[PDB]
């Protein structure tokens, strides 16, 4: 009976922090329940739990199995291997196990992702391994040609665009998420038929604000990428917020309070506020249209 206002197209709910673990130490009880309660209280109706490898996918499925009966929020996930974990594709049986898990849980899967290329993180999966892995991952689109994409792109757009063409992705639906590129990259992305997802990282500088305000409203999605990417007091976008609660130190954890530096699905409102302000669109009109974008992209009827 709560409002249905937000779809978080990218929540990292498998992150250690939601199991009360911060850099290897256990601080508090696994609190996804209260994270979800706060999310419901702010009108989140669907949360796409991002998954980027076999372990993540197992975790995402466990969260959905455990919590779906305790929340009105639709919990779903994605199928794919993050460019930085494409090295894991070399282990024999890895891909088969991933594909079997996907098939058994296909009703929980709403995108192929998080997939793509990351040319700032080349130490576990080098450029060749990333390119190779992306090609291997095309089996997902082959098996499930109706699934839209959730793409990761860092300093790699020209290569990503070429690969998408080569693998026949062009003309499909998809979002380039956590976008922080240039105006020219934004326009090339839209020119290729894709949408753009905006997080707190997309809003960190005045230069980024001037790119994001140019995203056409009917091509825009919002997301938290939580626990990462919360608006900082340092952020350019912060100029547009009014009385943001930063929460409390993890040592002073309260069930009814935000943990400091732990972004949450409910913090998606920060993103809608900033975006609608810089685009000079009525907040509720903005909220409504972005909701519709994400529904038609990931939860079509």
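Positions refer to the first chain, counted from 1.
For this session: Using the B-factors recorded in the PDB entry, average over the C-alpha atoms of 66-74 and of 22-30, then report which stretch comes out higher.
Result: The stretch with the larger mean CA B-factor is 22-30.
Problem set entry | Greater mean Cα temperature factor according to the PDB record, 92-100 or 203-211 | Higher mean C-alpha B-factor: 92-100.
Exercise. In the PDB entry, which of 45, 51, 256, 266 has its C-alpha at the highest B-factor?
Worked result: By C-alpha B-factor in the record, 256 ranks first.
Exercise. Which has the highest CA B-factor per the PDB entry: 227, 83, 197, 174?
Worked result: Among 227, 83, 197, 174, the PDB entry lists the largest C-alpha B-factor for 227.
Exercise. With respect to C-alpha B-factor, does residue 293 fall in the lowest, middle or highest third of the chain as deposited?
Worked result: For residue 293, the deposited C-alpha B-factor lands in the lowest third.
Exercise. What third of its chain's C-alpha B-factors does residue 11 belong to: lowest, middle or highest?
Worked result: According to the entry, residue 11 has a C-alpha B-factor in the chain's lowest third.
For this session: Divide the modelled residues of the chain into thirds by Cα B-factor and specify which third, lowest, middle or highest, holds residue 275.
Result: Answer is lowest: the recorded C-alpha B-factor places it there.
For this session: Could you tell me which third, lowest, middle or highest, the C-alpha B-factor of residue 184 occupies within its chain?
Result: Middle third.
Problem set entry | CA B-factor ranking of residue 118, expressed as a third of its chain | Within its chain, residue 118 is a middle-third residue by C-alpha B-factor, going by the deposited values.
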